[PDB]
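Here is the structure we will look at, set down as structure tokens.
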Amino acid sequence: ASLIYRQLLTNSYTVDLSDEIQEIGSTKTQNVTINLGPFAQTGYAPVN
Amino acid sequence: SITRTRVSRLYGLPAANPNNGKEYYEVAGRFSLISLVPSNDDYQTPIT
Numbered sequence: 002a003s004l005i006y007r008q009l010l011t012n013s014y015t016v017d018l019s020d021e022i023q024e025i026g027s028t029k030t031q032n033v034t035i036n037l038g039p040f041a042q043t044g045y046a047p048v049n
Numbered sequence: 438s439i440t441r442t443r444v445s446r447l448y449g450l451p452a453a454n455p456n457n458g459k460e461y462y463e464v465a466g467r468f469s470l471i472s473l474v475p476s477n478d479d480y481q482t483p484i485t
């Protein structure tokens with residue numbers, strides 16, 4: 002009755018294509034490069 | 438001046454024929470200007 006453990010370990014490659022299924026089924030979302038960076042404390046010219 | 442009249446040795450540009458036959462008056466030079474132009478350099482693009 003250890004055949005479950007043995008077959009699970011053996012057939013663990015199927016999880017990869019199961020993840021593939023769940024991925025191609027689920028939605029997608031990608032992000033962009035963002036900046037925190039240095040930002041200058043820039044005001045306006047002295048106007049009249 | 439205007440011959441046959443009392444208007445003599447007046448200083449100024451008369452608006453009768455200002456162009457005086459020339460196709461155009463031209464002036465050359467350089468000029469520098471500051472602006473607040475937009476850019477990212479190069480952020481907000483996709484991560485890949």
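As they're listed, the protein sequences go chains S and C. Under UniProt numbering, the first residue of the first sequence carries the number 2, and numbering increases by one thereafter. Under UniProt numbering, the first residue of the second sequence carries the number 438, and numbering increases by one thereafter. Where is the CB? At the ideal position from N, CA and C, for every residue including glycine.
Contact list for residue i against chain C, beta-carbon separation under 7 Å
i               : result
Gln31 (chain S) : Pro483, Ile484
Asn49 (chain S) : Within chain C, no residue comes near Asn49 (chain S); the closest Cβ sits about 18 Å away, beyond 7 Å.
Selected residue, minimal CA-CA separation from residue i, among the options
i                : options                           : result
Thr485 (chain C) : S:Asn12, S:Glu24, S:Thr30, S:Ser3 : S:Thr30
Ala453 (chain C) : C:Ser438, C:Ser472, C:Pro475      : C:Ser438
Neighbour flag for residue i against chain C, beta carbons, 8 Å
i               : result
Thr28 (chain S) : no
Within chain S, partners of residue i - CB distance below 9 Å
i                : result
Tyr480 (chain C) : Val33, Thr34, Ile35, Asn36, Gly38
**Prompt:** Below 8 Å, can you find three or more Cβ-Cβ pairs linking the segment 26 to 38 of chain S to the segment 470 to 484 of chain C?
**Reply:** With the cut-off at 8 Å, the segment 26 to 38 of chain S and the segment 470 to 484 of chain C touch.
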